[PDB]
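S.K.: File upload36.tsv below, TSV, C-alpha atoms:
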chain	number	residue	atom	x	y	z
F	1	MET	CA	-26.36	-2.92	-15.26
F	2	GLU	CA	-27.21	0.79	-15.34
F	3	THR	CA	-24.26	2.81	-14.04
F	4	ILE	CA	-25.66	5.13	-11.38
F	5	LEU	CA	-22.88	7.60	-12.17
F	6	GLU	CA	-24.52	8.40	-15.50
F	7	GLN	CA	-27.98	8.82	-13.95
F	8	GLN	CA	-26.82	11.09	-11.12
F	9	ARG	CA	-24.81	13.00	-13.70
F	10	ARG	CA	-27.84	13.56	-15.96
F	11	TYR	CA	-29.75	14.65	-12.86
F	12	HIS	CA	-27.24	17.30	-11.75
F	13	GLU	CA	-27.11	18.42	-15.39
F	14	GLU	CA	-30.89	18.83	-15.67
F	15	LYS	CA	-31.00	20.70	-12.36
F	16	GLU	CA	-28.31	22.99	-13.78
F	17	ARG	CA	-30.44	23.46	-16.91
F	18	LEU	CA	-33.52	24.49	-14.92
F	19	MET	CA	-31.60	26.87	-12.65
F	20	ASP	CA	-30.17	28.41	-15.83
F	21	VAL	CA	-33.65	28.77	-17.34
F	22	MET	CA	-35.36	30.47	-14.43
F	23	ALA	CA	-32.20	32.58	-14.08
F	24	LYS	CA	-32.43	33.69	-17.72
F	25	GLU	CA	-36.05	34.60	-16.97
F	26	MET	CA	-35.18	36.52	-13.82
F	27	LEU	CA	-32.66	38.24	-16.09
F	28	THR	CA	-34.87	39.47	-18.92
F	29	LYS	CA	-37.44	40.84	-16.47
F	30	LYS	CA	-36.12	41.34	-12.88
F	31	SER	CA	-39.66	42.16	-11.78
F	32	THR	CA	-40.29	38.39	-11.73
F	33	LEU	CA	-38.03	38.07	-8.70
F	34	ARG	CA	-38.56	41.55	-7.29
F	35	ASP	CA	-42.35	41.22	-7.19
F	36	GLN	CA	-42.06	37.84	-5.54
F	37	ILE	CA	-39.38	38.89	-3.09
F	38	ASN	CA	-41.33	41.96	-1.95
F	39	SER	CA	-44.31	39.85	-0.93
F	40	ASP	CA	-41.99	37.34	0.73
F	41	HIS	CA	-40.62	40.26	2.74
F	42	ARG	CA	-43.90	40.73	4.59
F	43	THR	CA	-44.34	37.02	5.33
F	44	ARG	CA	-40.83	36.11	6.47
F	45	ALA	CA	-39.51	39.36	8.01
F	46	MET	CA	-35.87	38.24	7.92
F	47	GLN	CA	-35.71	38.16	4.11
F	48	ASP	CA	-33.20	40.62	2.67
F	49	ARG	CA	-34.53	42.62	-0.28
F	50	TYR	CA	-32.67	44.53	-3.05
F	51	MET	CA	-32.05	48.28	-3.23
F	52	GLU	CA	-35.26	50.17	-3.98
F	53	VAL	CA	-33.61	51.90	-6.95
F	54	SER	CA	-33.06	48.52	-8.59
F	55	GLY	CA	-36.70	47.59	-8.07
F	56	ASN	CA	-38.01	50.83	-9.55
F	57	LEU	CA	-35.66	51.12	-12.53
F	58	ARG	CA	-36.31	47.40	-13.10
F	59	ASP	CA	-32.60	46.62	-13.23
F	60	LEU	CA	-30.38	43.96	-11.66
F	61	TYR	CA	-26.96	45.54	-12.18
F	62	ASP	CA	-26.42	48.26	-14.79
F	63	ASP	CA	-29.04	47.69	-17.48
F	64	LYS	CA	-32.63	48.81	-16.86
F	65	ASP	CA	-34.98	46.29	-18.47
F	66	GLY	CA	-38.30	46.98	-20.20
F	67	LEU	CA	-41.36	46.86	-17.93
F	68	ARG	CA	-43.68	43.93	-18.65
F	69	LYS	CA	-47.46	43.69	-18.25
F	70	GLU	CA	-49.02	41.79	-15.35
F	71	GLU	CA	-50.36	38.80	-17.26
F	72	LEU	CA	-46.87	37.90	-18.51
F	73	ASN	CA	-45.17	38.37	-15.15
F	74	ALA	CA	-47.69	36.05	-13.51
F	75	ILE	CA	-47.47	33.57	-16.39
F	76	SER	CA	-43.69	33.24	-16.18
F	77	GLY	CA	-44.06	33.01	-12.39
F	78	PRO	CA	-46.30	29.93	-12.71
F	79	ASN	CA	-43.95	28.49	-15.34
F	80	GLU	CA	-41.02	28.98	-12.97
F	81	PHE	CA	-43.31	27.36	-10.40
F	82	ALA	CA	-43.59	24.11	-12.37
F	83	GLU	CA	-39.86	24.34	-13.14
F	84	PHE	CA	-39.09	24.48	-9.43
F	85	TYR	CA	-41.40	21.51	-8.99
F	86	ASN	CA	-39.41	19.47	-11.52
F	87	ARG	CA	-36.19	20.57	-9.81
F	88	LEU	CA	-37.47	19.51	-6.38
F	89	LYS	CA	-38.44	16.10	-7.81
F	90	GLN	CA	-35.05	15.49	-9.46
F	91	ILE	CA	-33.24	16.63	-6.32
F	92	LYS	CA	-35.33	14.06	-4.45
F	93	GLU	CA	-34.70	11.03	-6.69
F	94	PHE	CA	-31.03	12.03	-6.73
F	95	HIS	CA	-30.85	12.05	-2.94
F	96	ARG	CA	-32.40	8.57	-3.02
F	97	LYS	CA	-29.85	7.30	-5.58
F	98	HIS	CA	-26.66	8.84	-4.20
F	99	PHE	CA	-12.53	-3.45	-13.67
F	100	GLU	CA	-10.40	-3.41	-16.82
F	101	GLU	CA	-11.88	-6.71	-17.97
F	102	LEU	CA	-15.26	-5.05	-17.53
F	103	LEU	CA	-14.10	-1.98	-19.45
F	104	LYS	CA	-13.17	-4.06	-22.48
F	105	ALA	CA	-16.23	-6.19	-21.69
F	106	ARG	CA	-18.57	-3.26	-22.30
F	107	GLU	CA	-16.50	-1.64	-25.06
F	108	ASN	CA	-16.93	-4.95	-26.89
F	109	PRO	CA	-20.72	-4.84	-26.65
F	110	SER	CA	-20.59	-1.22	-27.83
F	111	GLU	CA	-19.71	-2.65	-31.24
F	112	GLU	CA	-23.32	-3.84	-31.38
F	113	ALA	CA	-25.35	-2.62	-34.35
F	114	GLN	CA	-22.54	-0.87	-36.21
F	115	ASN	CA	-24.80	0.11	-39.11
F	116	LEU	CA	-26.79	2.76	-37.23
F	117	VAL	CA	-26.70	5.65	-39.69
F	118	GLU	CA	-28.21	8.52	-37.68
F	119	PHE	CA	-27.24	11.97	-36.41
F	120	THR	CA	-27.63	12.34	-32.64
F	121	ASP	CA	-27.75	15.95	-31.44
F	122	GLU	CA	-30.67	15.77	-29.01
F	123	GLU	CA	-29.63	15.27	-25.39
F	124	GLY	CA	-28.63	18.72	-24.12
F	125	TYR	CA	-30.39	20.45	-27.02
F	126	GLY	CA	-33.75	18.82	-26.36
F	127	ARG	CA	-33.44	19.78	-22.68
F	128	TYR	CA	-32.00	23.26	-23.09
F	129	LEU	CA	-34.81	23.65	-25.62
F	130	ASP	CA	-37.33	21.89	-23.38
F	131	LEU	CA	-36.92	24.70	-20.84
F	132	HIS	CA	-36.24	27.93	-22.80
F	133	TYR	CA	-43.77	26.76	-28.59
F	134	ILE	CA	-44.17	28.80	-31.80
F	135	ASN	CA	-42.21	28.56	-35.05
W	1	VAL	CA	10.48	26.14	-35.37
W	2	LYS	CA	12.31	29.27	-36.50
W	3	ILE	CA	13.75	32.61	-35.35
W	4	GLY	CA	11.85	35.68	-34.15
W	5	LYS	CA	11.67	40.54	-29.40
W	6	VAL	CA	11.75	44.18	-28.28
W	7	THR	CA	11.61	45.54	-24.72
W	8	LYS	CA	10.53	49.19	-24.58
W	9	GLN	CA	10.69	50.98	-21.22
W	10	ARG	CA	8.75	54.10	-20.23
W	11	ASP	CA	8.86	56.94	-17.69
W	12	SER	CA	9.08	56.24	-13.96
W	13	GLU	CA	6.21	58.45	-12.76
W	14	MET	CA	8.41	61.46	-13.54
W	15	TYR	CA	-7.79	62.61	-16.83
W	16	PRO	CA	-8.70	59.21	-18.31
W	17	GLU	CA	-7.99	60.56	-21.80
W	18	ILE	CA	-6.93	57.40	-23.61
W	19	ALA	CA	-4.70	56.82	-20.59
W	20	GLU	CA	-5.98	53.27	-20.09
W	21	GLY	CA	-7.86	53.01	-23.37
W	22	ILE	CA	-4.86	52.37	-25.57
W	23	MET	CA	-1.78	50.23	-24.92
W	24	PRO	CA	1.49	50.45	-26.84
W	25	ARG	CA	0.54	50.51	-30.52
W	26	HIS	CA	2.64	48.98	-33.26
W	27	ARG	CA	2.38	49.11	-37.05
W	28	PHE	CA	4.47	47.93	-40.01
W	29	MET	CA	5.30	50.86	-42.29
W	30	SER	CA	6.89	50.84	-45.75
W	31	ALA	CA	9.74	53.30	-46.23
W	32	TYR	CA	8.19	54.31	-49.55
W	33	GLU	CA	6.94	57.40	-47.73
W	34	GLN	CA	9.24	59.64	-45.68
W	35	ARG	CA	9.51	63.34	-44.80
W	36	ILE	CA	12.61	63.59	-46.97
W	37	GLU	CA	10.63	62.75	-50.10
W	38	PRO	CA	14.02	61.69	-51.58
W	39	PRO	CA	17.25	59.51	-51.41
W	40	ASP	CA	16.27	56.05	-50.13
W	41	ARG	CA	13.64	53.42	-49.34
W	42	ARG	CA	12.82	49.75	-49.85
W	43	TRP	CA	12.47	48.27	-46.37
W	44	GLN	CA	9.89	48.00	-43.59
W	45	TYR	CA	9.77	49.44	-40.07
W	46	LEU	CA	8.08	48.11	-36.93
W	47	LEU	CA	6.88	51.46	-35.59
W	48	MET	CA	5.83	51.73	-31.94
W	49	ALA	CA	3.83	54.69	-30.62
W	50	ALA	CA	2.54	56.09	-27.32
W	51	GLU	CA	0.69	59.38	-26.82
W	52	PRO	CA	3.29	61.56	-25.09
W	53	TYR	CA	6.57	59.83	-26.03
W	54	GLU	CA	8.06	59.97	-29.54
W	55	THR	CA	7.60	57.27	-32.18
W	56	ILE	CA	10.20	54.54	-32.67
W	57	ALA	CA	11.14	52.36	-35.64
W	58	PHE	CA	13.03	49.11	-36.30
W	59	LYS	CA	14.23	48.09	-39.77
W	60	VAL	CA	13.17	44.66	-41.03
W	61	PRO	CA	15.28	43.60	-44.04
W	62	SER	CA	14.07	39.97	-43.78
W	63	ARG	CA	10.94	39.58	-45.88
W	64	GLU	CA	9.36	37.47	-43.13
W	65	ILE	CA	10.32	36.43	-39.59
W	66	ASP	CA	8.14	34.98	-36.81
W	67	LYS	CA	5.11	35.48	-39.08
W	68	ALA	CA	3.25	32.59	-37.45
W	69	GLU	CA	0.28	30.46	-38.51
W	70	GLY	CA	-2.84	30.44	-36.31
W	71	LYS	CA	-1.02	30.70	-32.98
W	72	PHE	CA	-4.13	30.93	-30.81
W	73	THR	CA	-9.21	32.08	-33.50
W	74	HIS	CA	-10.72	34.37	-30.84
W	75	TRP	CA	-12.08	37.65	-32.18
W	76	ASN	CA	-11.24	40.79	-30.24
W	77	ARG	CA	-9.52	42.68	-33.05
W	78	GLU	CA	-8.24	45.35	-30.68
W	79	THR	CA	-6.40	47.24	-33.39
W	80	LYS	CA	-5.24	44.40	-35.64
W	81	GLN	CA	-4.14	40.75	-35.71
W	82	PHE	CA	-0.55	41.90	-35.16
W	83	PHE	CA	-1.17	43.68	-31.85
W	84	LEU	CA	-3.30	41.05	-30.11
W	85	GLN	CA	-1.31	38.21	-31.64
W	86	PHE	CA	2.12	39.26	-30.42
W	87	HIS	CA	2.35	42.14	-27.94
W	88	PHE	CA	2.33	42.55	-24.18
W	89	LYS	CA	1.83	45.72	-22.17
W	90	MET	CA	3.04	45.55	-18.59
W	91	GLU	CA	1.14	48.69	-17.59
W	92	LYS	CA	2.01	48.32	-13.91
W	93	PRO	CA	5.73	48.61	-14.67
W	94	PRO	CA	5.36	50.44	-17.99
W	95	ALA	CA	7.16	47.84	-20.11
W	96	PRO	CA	6.01	47.09	-23.66
W	97	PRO	CA	7.20	43.78	-25.09
W	98	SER	CA	6.81	42.92	-28.78
W	99	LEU	CA	7.49	39.59	-30.51
M	1	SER	CA	-23.35	9.55	-32.98
M	2	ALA	CA	-24.62	7.25	-30.22
M	3	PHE	CA	-21.51	5.06	-30.51
M	4	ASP	CA	-19.02	7.90	-30.12
M	5	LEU	CA	-21.05	9.38	-27.27
M	6	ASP	CA	-21.20	6.02	-25.48
M	7	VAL	CA	-17.47	5.28	-25.76
M	8	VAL	CA	-16.53	8.82	-24.73
M	9	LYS	CA	-18.82	8.61	-21.70
M	10	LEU	CA	-17.68	5.10	-20.77
M	11	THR	CA	-13.95	5.72	-21.04
M	12	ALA	CA	-14.85	8.89	-19.16
M	13	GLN	CA	-16.59	6.86	-16.45
M	14	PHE	CA	-13.54	4.66	-15.92
M	15	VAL	CA	-11.09	7.52	-16.49
M	16	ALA	CA	-12.89	9.31	-13.66
M	17	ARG	CA	-12.04	6.71	-11.01
M	18	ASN	CA	-9.02	4.90	-12.44
M	19	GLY	CA	-7.83	8.01	-14.25
M	20	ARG	CA	-5.32	6.84	-16.83
M	21	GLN	CA	-4.80	3.64	-14.82
M	22	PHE	CA	-7.31	1.57	-16.79
M	23	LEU	CA	-7.44	3.65	-19.98
M	24	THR	CA	-3.68	4.16	-20.17
M	25	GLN	CA	-3.42	0.38	-20.03
M	26	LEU	CA	-6.27	-0.21	-22.47
M	27	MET	CA	-4.58	1.99	-25.08
M	28	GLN	CA	-1.44	-0.16	-24.97
M	29	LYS	CA	-3.32	-3.47	-24.75
M	30	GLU	CA	-5.93	-3.08	-27.51
M	31	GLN	CA	-3.57	-0.97	-29.61
M	32	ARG	CA	-6.30	1.37	-30.87
M	33	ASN	CA	-5.53	4.40	-32.96
M	34	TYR	CA	-9.08	5.49	-32.15
M	35	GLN	CA	-8.38	4.95	-28.45
M	36	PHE	CA	-5.12	6.87	-28.79
M	37	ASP	CA	-6.98	9.75	-30.45
M	38	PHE	CA	-9.55	9.75	-27.66
M	39	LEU	CA	-6.76	9.92	-25.08
M	40	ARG	CA	-5.07	12.70	-27.06
M	41	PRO	CA	-5.94	16.45	-27.09
M	42	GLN	CA	-5.52	16.57	-30.87
M	43	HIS	CA	-8.90	14.98	-31.57
M	44	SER	CA	-11.52	17.76	-31.11
M	45	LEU	CA	-13.98	15.59	-29.15
M	46	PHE	CA	-11.22	15.25	-26.54
M	47	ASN	CA	-12.31	18.60	-25.11
M	48	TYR	CA	-15.89	17.47	-24.47
M	49	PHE	CA	-14.31	14.40	-22.91
M	50	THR	CA	-12.46	16.60	-20.42
M	51	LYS	CA	-15.93	17.90	-19.61
M	52	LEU	CA	-17.69	14.59	-18.99
M	53	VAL	CA	-14.89	13.26	-16.79
M	54	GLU	CA	-14.90	16.47	-14.75
M	55	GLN	CA	-18.66	16.08	-14.35
M	56	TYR	CA	-18.29	12.48	-13.15
M	57	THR	CA	-15.41	13.62	-10.94
M	58	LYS	CA	-17.97	16.02	-9.50
M	59	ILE	CA	-20.51	13.28	-8.77
M	60	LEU	CA	-17.76	11.67	-6.69
M	61	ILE	CA	-17.57	14.90	-4.69
M	62	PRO	CA	-20.72	14.73	-2.56
M	63	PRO	CA	-21.34	10.98	-2.66
M	64	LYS	CA	-22.81	10.28	0.77
M	65	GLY	CA	-24.12	13.83	1.01
M	66	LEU	CA	-27.65	14.94	0.14
M	67	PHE	CA	-28.69	18.28	-1.34
M	68	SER	CA	-31.30	19.99	0.84
M	69	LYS	CA	-31.80	23.25	-1.07
M	70	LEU	CA	-34.70	31.34	-6.23
M	71	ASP	CA	-32.04	33.47	-4.49
M	72	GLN	CA	-29.40	31.47	-6.33
M	73	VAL	CA	-30.96	31.93	-9.76
M	74	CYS	CA	-31.18	35.66	-9.05
M	75	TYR	CA	-27.49	35.80	-8.13
M	76	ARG	CA	-26.64	33.90	-11.32
M	77	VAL	CA	-28.62	36.43	-13.29
M	78	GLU	CA	-26.71	39.20	-11.54
M	79	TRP	CA	-23.43	37.55	-12.50
M	80	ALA	CA	-24.46	37.30	-16.15
M	81	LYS	CA	-25.31	41.00	-16.09
M	82	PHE	CA	-21.90	41.80	-14.61
M	83	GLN	CA	-20.05	39.74	-17.24
M	84	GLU	CA	-22.13	41.47	-19.91
M	85	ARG	CA	-20.93	44.81	-18.52
M	86	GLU	CA	-17.28	43.71	-18.63
M	87	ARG	CA	-17.76	42.71	-22.28
M	88	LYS	CA	-19.25	46.12	-23.00
M	89	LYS	CA	-16.39	48.01	-21.34
M	90	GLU	CA	-13.86	45.94	-23.26
M	91	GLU	CA	-15.58	46.74	-26.55
M	92	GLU	CA	-15.37	50.42	-25.59
M	93	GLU	CA	-11.65	50.39	-24.80
M	94	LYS	CA	-10.99	48.55	-28.05
M	95	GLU	CA	-12.92	51.28	-29.86
M	96	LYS	CA	-10.73	53.95	-28.29
M	97	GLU	CA	-7.61	52.06	-29.37
M	98	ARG	CA	-8.87	51.80	-32.96
M	99	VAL	CA	-9.52	55.54	-32.99
M	100	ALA	CA	-6.06	56.51	-31.71
M	101	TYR	CA	-4.20	53.98	-33.87
M	102	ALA	CA	-6.07	55.35	-36.86
M	103	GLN	CA	-5.25	58.89	-35.72
M	104	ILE	CA	-1.47	58.98	-35.15
M	105	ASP	CA	1.37	59.98	-37.53
M	106	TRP	CA	3.00	56.77	-38.74
M	107	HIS	CA	5.44	59.02	-40.60
M	108	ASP	CA	7.09	60.52	-37.52
M	109	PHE	CA	9.96	58.04	-37.69
M	110	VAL	CA	13.05	58.06	-35.49
M	111	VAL	CA	14.69	54.63	-35.64
M	112	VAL	CA	17.73	53.30	-33.77
M	113	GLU	CA	18.77	49.85	-34.98
M	114	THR	CA	17.68	46.89	-37.12
M	115	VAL	CA	17.37	43.11	-36.94
M	116	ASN	CA	5.36	32.00	-24.97
M	117	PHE	CA	3.81	35.38	-24.20
M	118	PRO	CA	0.46	33.80	-23.28
M	119	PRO	CA	1.85	32.23	-20.10
M	120	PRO	CA	3.57	35.60	-19.72
M	121	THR	CA	0.44	37.74	-20.00
M	122	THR	CA	-0.60	36.40	-16.59
M	123	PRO	CA	0.65	36.96	-13.04
M	124	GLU	CA	2.85	34.94	-10.69
Would you write the structure of this file as structure tokens?
M.R.:
Amino acid sequence: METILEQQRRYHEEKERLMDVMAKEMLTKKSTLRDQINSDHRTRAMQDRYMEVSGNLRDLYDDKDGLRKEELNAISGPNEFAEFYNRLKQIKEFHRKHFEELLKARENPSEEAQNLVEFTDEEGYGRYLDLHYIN
Amino acid sequence: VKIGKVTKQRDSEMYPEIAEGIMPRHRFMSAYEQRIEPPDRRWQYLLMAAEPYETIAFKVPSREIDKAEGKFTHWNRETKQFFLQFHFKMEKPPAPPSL
Amino acid sequence: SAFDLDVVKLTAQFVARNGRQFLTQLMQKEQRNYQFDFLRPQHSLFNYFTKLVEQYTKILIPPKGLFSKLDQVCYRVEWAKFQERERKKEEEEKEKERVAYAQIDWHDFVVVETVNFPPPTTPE
């Protein structure tokens, strides 16, 4: 039946996709993390926070990024929120989920419906895209 | 499958001004232009240059040797296809290889 | 492309556990040119294949181990920024080179005589 390897694979891949998305976000506007982290600092005292200079200049390494307005920062923070929700879900299901004659056996059935004229470029693109509205 | 190498050595330690910016630079020059302005020409030279040291040339009678075909298509032009394509600069030992 | 995808991913599934043990036998049994191309590095898709297998090979890594995980995504961001900086620097050095190459006397000749590097441009 369904090979769990493929499912677990797709899961790790999607998790990777999400991490990459919220990382791209944290990249364009470091404030997203900084803001958050600062608050976290006063709730869980242990938390290590970045150099003040970074925070102020709104930079992560060398490049100082443009300052964004509050509404957008918050927005993206809630978006990242739902993203992290998805991630937590996938991580969960994954935790709950984790010969030659059969090889030819399946490769034979793969011959099924040979006349399927259609371009298929929509697995990683629809996901990458699914996490990156207008025209 | 054909025939094609020079090993140029530099000083033994004997202001970041192009010191690390530029590696050994090579160019193919036609003898049609020389300081003499007379007597002879008609062949190419594989000139190699470094800031302090003096230029160096190597005559290439054969119309084409080792002129390969898409060896590696990654685009960091450096100076030209020739330099990136077939040169190595051992900067730690100061040895410039060209082939 | 669903067919190609499916065969790549399947032969990749088996190739991940049996390696070439089941595929290297299939190629000789069935006799496929297509199968041979898939096995080979000549066929472009081969590369993506090397990906899938690796990925599956990875799933075999922590089988029997659960993942119990923001900081990370920040660090990834940081990395990207760093890489970006390296790219920038490179571009700069290249620029310098172009300037100097364009600015030296290729007529100061003083000749003497007349007439694999990729694995060499590393360190070991």
S.K.: Could you tell me which of W:2, W:27, W:10, W:89 comes closest to residue W:52 if we count all atoms listed in the file?
M.R.: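 Result for the nearest residue to residue W:52: W:10.
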S.K.: For residue M:13, which residue among F:117, F:103, F:91, F:1 is the nearest when counting only C-alpha atoms?
M.R.: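 Smallest separation from residue M:13 among the options: F:103.
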S.K.: Under the rule that only C-alpha atoms are counted, which of M:8, M:111, M:77, M:23 is the nearest residue to residue F:30?
M.R.: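 Smallest separation from residue F:30 among the options: M:77.
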S.K.: Using all atoms listed in the file, find which residues of chain M lie within 7 Å of chain F and jot them down as a VMD selection string.
M.R.: chain M and resid 1 to 3 22 55 to 56 59 63 to 64 66 to 67 73 to 74 76 to 78 81 to 82
S.K.: By how many Å are atom CA of residue F:115 and atom CA of residue M:41 apart?
M.R.: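 Answer for the atom CA of residue F:115 to atom CA of residue M:41 separation: 27.7 Å.
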S.K.: When you count only C-alpha atoms, which of these residues is closest to chain M: W:15, W:58, W:82, W:32?
M.R.: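 Checking each of W:15, W:58, W:82, W:32 against chain M, counting only C-alpha atoms, the winner is W:58.
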S.K.: Using only C-alpha atoms, find each residue in chain M having at least one atom no more than 8 Å away from chain W; report its shortest atom-to-atom pair and that distance in Å (one decimal), rows by chain then rising number, as JSON lines.
M.R.:
{"residue": "M:93", "atom": "CA", "partner": "W:21", "partner_atom": "CA", "distance": 4.8}
{"residue": "M:94", "atom": "CA", "partner": "W:78", "partner_atom": "CA", "distance": 5.0}
{"residue": "M:95", "atom": "CA", "partner": "W:78", "partner_atom": "CA", "distance": 7.6}
{"residue": "M:96", "atom": "CA", "partner": "W:21", "partner_atom": "CA", "distance": 5.8}
{"residue": "M:97", "atom": "CA", "partner": "W:22", "partner_atom": "CA", "distance": 4.7}
{"residue": "M:98", "atom": "CA", "partner": "W:79", "partner_atom": "CA", "distance": 5.2}
{"residue": "M:100", "atom": "CA", "partner": "W:22", "partner_atom": "CA", "distance": 7.5}
{"residue": "M:101", "atom": "CA", "partner": "W:25", "partner_atom": "CA", "distance": 6.8}
{"residue": "M:106", "atom": "CA", "partner": "W:29", "partner_atom": "CA", "distance": 7.3}
{"residue": "M:107", "atom": "CA", "partner": "W:34", "partner_atom": "CA", "distance": 6.4}
{"residue": "M:108", "atom": "CA", "partner": "W:55", "partner_atom": "CA", "distance": 6.3}
{"residue": "M:109", "atom": "CA", "partner": "W:55", "partner_atom": "CA", "distance": 6.0}
{"residue": "M:110", "atom": "CA", "partner": "W:56", "partner_atom": "CA", "distance": 5.3}
{"residue": "M:111", "atom": "CA", "partner": "W:57", "partner_atom": "CA", "distance": 4.2}
{"residue": "M:112", "atom": "CA", "partner": "W:58", "partner_atom": "CA", "distance": 6.8}
{"residue": "M:113", "atom": "CA", "partner": "W:58", "partner_atom": "CA", "distance": 5.9}
{"residue": "M:114", "atom": "CA", "partner": "W:59", "partner_atom": "CA", "distance": 4.5}
{"residue": "M:115", "atom": "CA", "partner": "W:60", "partner_atom": "CA", "distance": 6.1}
{"residue": "M:117", "atom": "CA", "partner": "W:88", "partner_atom": "CA", "distance": 7.3}
{"residue": "M:121", "atom": "CA", "partner": "W:88", "partner_atom": "CA", "distance": 6.6}
S.K.: So the first atom is atom CA of residue M:69 and the second is atom CA of residue M:51; what is the distance between them in Å, to one decimal place?
M.R.: 25.0 Å
S.K.: For atom CA of residue F:127 and atom CA of residue F:17, determine how far apart the two atoms are, in Å to one decimal place.
M.R.: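 We find that atom CA of residue F:127 and atom CA of residue F:17 lie 7.5 Å from each other.
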S.K.: For stretch 41-60 of chain F, what centre and edge lengths in Å (one decimal) does the axis-aligned box get once 8 Å is added on each side of all its listed atoms, as JSON?
M.R.:
{"center_x": -37.4, "center_y": 44.0, "center_z": -2.6, "size_x": 30.0, "size_y": 31.8, "size_z": 37.2}
S.K.: At a cut-off of 12 Å from (-41.0, 43.8, -8.5) in the coordinates of the file, what residues are picked up using all atoms listed in the file, written as a PyMOL selection string?
M.R.: chain F and resi 26+29-41+49-60+65+67-70+73-74+77
S.K.: What would stretch 15-32 of chain F look like with N, CA and C atoms restored, written as a PDB file, keeping the file's coordinate frame?
M.R.:
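Saved to rebuild.pdb:
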ATOM      1  N   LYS F  15     -30.841  19.681 -13.397  1.00  0.00           N
ATOM      2  CA  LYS F  15     -31.000  20.700 -12.360  1.00  0.00           C
ATOM      3  C   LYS F  15     -30.301  21.987 -12.780  1.00  0.00           C
ATOM      4  N   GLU F  16     -29.070  21.849 -13.260  1.00  0.00           N
ATOM      5  CA  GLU F  16     -28.310  22.990 -13.780  1.00  0.00           C
ATOM      6  C   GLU F  16     -29.097  23.700 -14.877  1.00  0.00           C
ATOM      7  N   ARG F  17     -29.689  22.916 -15.776  1.00  0.00           N
ATOM      8  CA  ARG F  17     -30.440  23.460 -16.910  1.00  0.00           C
ATOM      9  C   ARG F  17     -31.611  24.316 -16.444  1.00  0.00           C
ATOM     10  N   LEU F  18     -32.363  23.790 -15.483  1.00  0.00           N
ATOM     11  CA  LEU F  18     -33.520  24.490 -14.920  1.00  0.00           C
ATOM     12  C   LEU F  18     -33.106  25.779 -14.213  1.00  0.00           C
ATOM     13  N   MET F  19     -32.142  25.681 -13.301  1.00  0.00           N
ATOM     14  CA  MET F  19     -31.600  26.870 -12.650  1.00  0.00           C
ATOM     15  C   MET F  19     -31.243  27.932 -13.693  1.00  0.00           C
ATOM     16  N   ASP F  20     -30.544  27.509 -14.745  1.00  0.00           N
ATOM     17  CA  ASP F  20     -30.170  28.410 -15.830  1.00  0.00           C
ATOM     18  C   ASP F  20     -31.375  29.041 -16.535  1.00  0.00           C
ATOM     19  N   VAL F  21     -32.444  28.267 -16.693  1.00  0.00           N
ATOM     20  CA  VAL F  21     -33.650  28.770 -17.340  1.00  0.00           C
ATOM     21  C   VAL F  21     -34.327  29.844 -16.513  1.00  0.00           C
ATOM     22  N   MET F  22     -34.652  29.511 -15.269  1.00  0.00           N
ATOM     23  CA  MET F  22     -35.360  30.470 -14.430  1.00  0.00           C
ATOM     24  C   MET F  22     -34.470  31.667 -14.093  1.00  0.00           C
ATOM     25  N   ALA F  23     -33.158  31.480 -14.237  1.00  0.00           N
ATOM     26  CA  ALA F  23     -32.200  32.580 -14.080  1.00  0.00           C
ATOM     27  C   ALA F  23     -32.212  33.495 -15.305  1.00  0.00           C
ATOM     28  N   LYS F  24     -32.275  32.907 -16.495  1.00  0.00           N
ATOM     29  CA  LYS F  24     -32.430  33.690 -17.720  1.00  0.00           C
ATOM     30  C   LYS F  24     -33.709  34.530 -17.623  1.00  0.00           C
ATOM     31  N   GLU F  25     -34.796  33.892 -17.197  1.00  0.00           N
ATOM     32  CA  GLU F  25     -36.050  34.600 -16.970  1.00  0.00           C
ATOM     33  C   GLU F  25     -35.858  35.764 -16.008  1.00  0.00           C
ATOM     34  N   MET F  26     -35.420  35.461 -14.789  1.00  0.00           N
ATOM     35  CA  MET F  26     -35.180  36.520 -13.820  1.00  0.00           C
ATOM     36  C   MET F  26     -34.299  37.618 -14.420  1.00  0.00           C
ATOM     37  N   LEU F  27     -33.525  37.270 -15.441  1.00  0.00           N
ATOM     38  CA  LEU F  27     -32.660  38.240 -16.090  1.00  0.00           C
ATOM     39  C   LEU F  27     -33.401  39.186 -17.022  1.00  0.00           C
ATOM     40  N   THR F  28     -34.183  38.629 -17.943  1.00  0.00           N
ATOM     41  CA  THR F  28     -34.870  39.470 -18.920  1.00  0.00           C
ATOM     42  C   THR F  28     -35.818  40.449 -18.241  1.00  0.00           C
ATOM     43  N   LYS F  29     -36.533  39.979 -17.217  1.00  0.00           N
ATOM     44  CA  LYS F  29     -37.440  40.840 -16.470  1.00  0.00           C
ATOM     45  C   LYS F  29     -37.342  40.649 -14.954  1.00  0.00           C
ATOM     46  N   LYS F  30     -36.404  41.367 -14.323  1.00  0.00           N
ATOM     47  CA  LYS F  30     -36.120  41.340 -12.880  1.00  0.00           C
ATOM     48  C   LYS F  30     -37.373  41.408 -12.016  1.00  0.00           C
ATOM     49  N   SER F  31     -38.411  42.068 -12.516  1.00  0.00           N
ATOM     50  CA  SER F  31     -39.660  42.160 -11.780  1.00  0.00           C
ATOM     51  C   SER F  31     -40.070  40.787 -11.249  1.00  0.00           C
ATOM     52  N   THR F  32     -39.953  39.764 -12.098  1.00  0.00           N
ATOM     53  CA  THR F  32     -40.290  38.390 -11.730  1.00  0.00           C
ATOM     54  C   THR F  32     -39.827  38.038 -10.326  1.00  0.00           C
TER      55      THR F  32
END
